[PDB]
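Chains as they are written, first to last, in the authors' numbering: chain J, 0 to 286; chain B, 1 to 104. Using N, Cα and C, we set each Cβ at its ideal position, and we do this for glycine too. Worksheet: one structure, shown below.
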């Protein structure tokens, strides 16, 4: 519609005007020493151009304009507004140019953490990890950023947020075929969650998952861990999870795979299963 | 004599699994030597040793029946001390067995 062409033309004109203004700013400063008013006016024009490009759906141009404004205002010794523009560029380029958004968010993280604002740095780290996982299959970078964000939030004593990041890291690690870390993280979260009335009800689930994660290591330790969980968290015994694990262990004890799959199918019929649990159960069933 | 901390391992071969004797490395013990295996202050079990090279040093291999009776697991830490039977009184003159079917 008219939006595309009109916004493109007007944004191009405004950006050219800003470019001419910044070009003449050097001469103005040399001949008269106007100060930084011209640079601030040019930065305002560039921010306006970025806003129009964002409305124009040309994400790349808006991100580039935001980056230029961030650089120019950082040259003006205003690191806070420079970081604001860098975060704008990161969240604009996120969809258009993921790599550019990555470096923009990294620069914003550096600028913010220079001031000790650990919460914003942790949020940016979480954003970077989320982008890495969603777009790329570089699990290691996502895990590193998640761990850094969890450490940042732990240093802020903000509980209930590091727990979810640690759980995500543990689940992805278990998917990566490293179970000791997953077992430890799940057990730690479960023991942190028992005392909480609200989360106690979900605690059992964590325990169950941990017990399944220890199943691959060896049967004997699986039975031992089942006993330890039953004795330490007696309420867990009431849940159907204990019965399911006991039936699965009984089926494995006699190589009775048919009973194993019948029980798994019945439980799936009762409640649909998740991809992670399905993969874990299938991998166990190979033996 | 004094006893040393050791690692639990899995039985290497079916013959020694049926022998009902813990398989050990020659560098640690020798075949026929008795041992006492401690898993806790109240849990000491007496085994007789048989040697097989495949056992990695620092570990003792047990058969599935042994692991079920003593509750031993792969990778578990134990204390192993060489043991001597008092043949003046610990010799076996009579013994009773309840024989069942291992495979139903």
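Please list the terminal residues of the continuous beta strand (DSSP E) segment that includes residue i.
{"i": "residue 74/B", "result": "It is not in any beta strand (DSSP E) - residue 74/B carries neither H nor E in the DSSP assignment."}
{"i": "residue 49/B", "result": "43–51"}
{"i": "residue 35/B", "result": "34–40"}
{"i": "residue 62/B", "result": "59–62"}
{"i": "residue 24/B", "result": "22–24"}
What did DSSP end up calling residue i once you bin it into helix, strand or coil?
{"i": "residue 101/B", "result": "coil"}
{"i": "residue 6/B", "result": "strand"}
{"i": "residue 282/J", "result": "helix"}
{"i": "residue 83/B", "result": "strand"}
{"i": "residue 116/J", "result": "coil"}
{"i": "residue 248/J", "result": "helix"}
{"i": "residue 13/B", "result": "coil"}
{"i": "residue 1/B", "result": "coil"}
{"i": "residue 0/J", "result": "coil"}
{"i": "residue 213/J", "result": "coil"}
{"i": "residue 96/J", "result": "coil"}
{"i": "residue 32/J", "result": "coil"}
{"i": "residue 28/B", "result": "coil"}
{"i": "residue 75/J", "result": "coil"}
{"i": "residue 253/J", "result": "coil"}
{"i": "residue 112/B", "result": "An answer regarding residue 112/B cannot be provided, because it is not within the stretch 1 to 104 covered by chain B."}
{"i": "residue 260/J", "result": "helix"}
{"i": "residue 93/B", "result": "coil"}
{"i": "residue 63/J", "result": "helix"}
{"i": "residue 238/J", "result": "coil"}
{"i": "residue 135/J", "result": "coil"}
{"i": "residue 158/J", "result": "coil"}
From which residue to which residue does the alpha helix (DSSP H) around residue i run?
{"i": "residue 271/J", "result": "Premise fails: residue 271/J is in no alpha helix (DSSP H) and is neither H nor E."}
{"i": "residue 143/J", "result": "138–154"}
{"i": "residue 168/J", "result": "161–174"}
{"i": "residue 342/J", "result": "Outside the displayed range of chain J (0 to 286) lies residue 342/J, so it cannot be described from this structure."}
{"i": "residue 57/J", "result": "No alpha helix (DSSP H) contains residue 57/J, which DSSP labels as neither H nor E."}
{"i": "residue 188/J", "result": "178–193"}
{"i": "residue 218/J", "result": "218–231"}
Using a Cβ-Cβ cutoff of less than 7 Å, which residues in the same chain neighbour residue i once the five nearest sequence positions on both sides are dropped?
{"i": "residue 54/J", "result": "6"}
{"i": "residue 280/J", "result": "263"}
{"i": "residue 161/J", "result": "149, 152, 153"}
{"i": "residue 85/B", "result": "34"}
{"i": "residue 91/J", "result": "53, 58, 61, 62, 65"}
{"i": "residue 106/J", "result": "85"}
{"i": "residue 208/J", "result": "185"}
{"i": "residue 94/J", "result": "58"}
{"i": "residue 24/J", "result": "37, 38, 41"}
{"i": "residue 246/J", "result": "262"}
{"i": "residue 167/J", "result": "145"}
{"i": "residue 89/J", "result": "100, 103, 104, 107"}
Tell me which same chain residues have a C-beta within less than 8 Å of the C-beta of residue i, skipping the five on either side of it?
{"i": "residue 1/B", "result": "81, 82"}
{"i": "residue 212/J", "result": "173, 178, 181, 182, 185, 279"}
{"i": "residue 91/B", "result": "85"}
Tell me which residues share the same chain as residue i and place their Cβ nearer than 6 Å to its Cβ, disregarding the 5 neighbours each side in the sequence.
{"i": "residue 51/J", "result": "6, 10"}
{"i": "residue 198/J", "result": "192"}
{"i": "residue 127/J", "result": "104, 144"}
{"i": "residue 84/J", "result": "65, 68, 69"}
{"i": "residue 134/J", "result": "97"}
{"i": "residue 205/J", "result": "185, 188, 189"}
{"i": "residue 45/J", "result": "17, 64, 67, 68"}
{"i": "residue 288/J", "result": "As displayed, chain J neither begins before 0 nor continues past 286, which places residue 288/J out of reach and without an answer."}
{"i": "residue 80/J", "result": "72"}
Requested in this report: Return the residues of the segment 217–238 of chain J that lie within a Cβ-Cβ distance of less than 7 Å from chain B, sorted by chain order.
Outcome: Residues of the segment 217–238 of chain J with a C-beta less than 7 Å from any C-beta of chain B: 217, 219, 220, 223, listed in chain order.
Query raised in the report: Is it a yes or a no for the segment 69–85 of chain B touching the segment 2–13 of chain B, going by three-plus beta-carbon pairs under 8 Å?
Result: Verdict: yes, contact present.
Query raised in the report: Quick check: the segment 89–104 of chain J against the segment 60–70 of chain J, are there 3 or more CB pairs under 8 Å?
Result: Touching, yes, given that three or more Cβ pairs across the two stretches are closer than 8 Å.
Query raised in the report: Is the segment 39–55 of chain B close to the segment 255–262 of chain J, with three or more CB pairs under 8 Å?
Result: The answer is no - the segment 255–262 of chain J does not touch the segment 39–55 of chain B, with fewer than three Cβ pairs under 8 Å.
Query - the segment 46–80 of chain B: positions lying closer than 7 Å to chain J by Cβ - result: Listed by position, the residues of the segment 46–80 of chain B near chain J (Cβ gap below 7 Å) are 67, 73, 74.
Requested in this report: Count the C-beta pairs between the segment 134–150 of chain J and the segment 169–188 of chain J that are closer than 8 Å, then say yes if the count reaches three, no if not.
Outcome: Yes, they touch.
**Report entry** Inter-stretch contact at 8 Å, needing at least 3 Cβ pairs: the segment 11–30 of chain B / the segment 48–63 of chain B
**Finding:** Yes: at least three Cβ pairs fall under 8 Å.
Query raised in the report: For the 8 Å Cβ check, are there 3 or more pairs between the segment 34–50 of chain J and the segment 16–26 of chain J?
Result: Three or more Cβ pairs closer than 8 Å define a contact, and the segment 34–50 of chain J meets that threshold against the segment 16–26 of chain J.
Query raised in the report: Quick check: the segment 24–34 of chain B against the segment 267–281 of chain J, are there 3 or more CB pairs under 8 Å?
Result: The segment 24–34 of chain B is not in contact with the segment 267–281 of chain J.
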